[PDB]
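> This is the structure I have questions about; it appears just below.
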Amino acid sequence: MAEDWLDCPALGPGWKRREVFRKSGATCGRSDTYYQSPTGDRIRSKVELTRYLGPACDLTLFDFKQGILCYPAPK
DNA sequence: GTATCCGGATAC
DNA sequence: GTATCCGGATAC
């Protein structure tokens, strides 16, 4: 178990992101990144992330393939 | 029972 | 047509 859990500053402390290069079947070869909340919540995408954070807390600067906030805020 | 992963579904 | 997110299923 434990494929590769890496930190995820795209949200805050506690968050963890992982990479999944498929395993087989038909979709084999695709890479899916899964990340768990910072203290209790399984999110598999940005929407799921926007859920535990609230609908008003959008995440357009969050990378679904990396799990990081490339840019914090403009002004 | 847990855990991972596979596959597709939907959307306008 | 593409893109993204979700869900369940299986596994032993």
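Going by the structure tokens order, chains are called A, B, ..., each with residues numbered from 1, while ligands are numbered from 1 in the order shown.
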Could you pull out the residues in chain A that DSSP calls helix (DSSP H, G or I) from the backbone, as an MDAnalysis selection string?
chainID A and resid 46:53
> Within 9 Å of chain C, which residues of chain A show up? Give each one with its shortest atom-to-atom distance in Å (one decimal) and the two atoms involved, counting only C-alpha atoms (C1' of nucleotides), rows by chain then rising residue number, as a tab-separated table.

residue	atom	partner	partner_atom	distance
A:44	CA	C:5	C1'	7.8
A:45	CA	C:5	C1'	6.3
A:46	CA	C:5	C1'	8.0
A:47	CA	C:5	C1'	7.0
A:48	CA	C:5	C1'	8.0
> Keeping only N, CA, C and O atoms, write the selected residues as a CSV table (one decimal), in the first residue's frame.

chain,number,residue,atom,x,y,z
A,44,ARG,N,-11.1,13.9,-4.6
A,44,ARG,CA,-10.5,13.3,-5.8
A,44,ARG,C,-10.3,14.3,-6.9
A,44,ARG,O,-9.7,14.0,-8.0
A,45,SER,N,-10.8,15.5,-6.7
A,45,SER,CA,-10.6,16.6,-7.8
A,45,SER,C,-10.7,18.0,-7.2
A,45,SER,O,-10.6,18.2,-6.0
A,46,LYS,N,-10.9,19.0,-8.1
A,46,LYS,CA,-11.0,20.4,-7.6
A,46,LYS,C,-12.3,20.6,-7.0
A,46,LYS,O,-12.5,21.2,-5.9
A,47,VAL,N,-13.4,20.1,-7.7
A,47,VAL,CA,-14.8,20.3,-7.1
A,47,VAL,C,-14.8,19.7,-5.7
A,47,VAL,O,-15.2,20.4,-4.8
A,48,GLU,N,-14.5,18.5,-5.6
A,48,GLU,CA,-14.5,17.8,-4.2
A,48,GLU,C,-13.7,18.7,-3.3
A,48,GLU,O,-14.1,18.9,-2.1
> Please report, as a compact mmCIF listing (two decimals) with C-alpha atoms, in the first residue's frame, each residue of chain A to which DSSP assigns strand (DSSP E or B) when run on this structure's backbone.

# COMPACT_ATOMS: atom_id res chain seq x y z
CA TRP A 5 1.69 10.58 -0.58
CA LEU A 6 3.23 14.04 -1.07
CA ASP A 7 2.36 17.28 0.78
CA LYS A 16 -1.86 15.26 1.14
CA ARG A 17 -1.72 14.58 -2.62
CA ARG A 18 -0.87 11.34 -4.48
CA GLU A 19 -0.27 10.24 -8.09
CA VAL A 20 -1.91 7.23 -9.80
CA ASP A 32 -4.93 10.40 -11.79
CA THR A 33 -3.93 12.49 -8.75
CA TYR A 34 -5.93 11.92 -5.54
CA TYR A 35 -5.63 14.08 -2.40
CA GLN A 36 -7.17 13.85 1.09
CA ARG A 42 -11.38 12.34 0.70
CA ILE A 43 -11.21 14.67 -2.33
CA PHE A 62 -5.19 24.88 -7.75
CA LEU A 69 -1.45 26.90 -5.55
> Please report the interatomic distance between CA of residue 64 in chain A and CA of residue 41 in chain A in Å with one decimal.
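So the answer is 16.3 Å.
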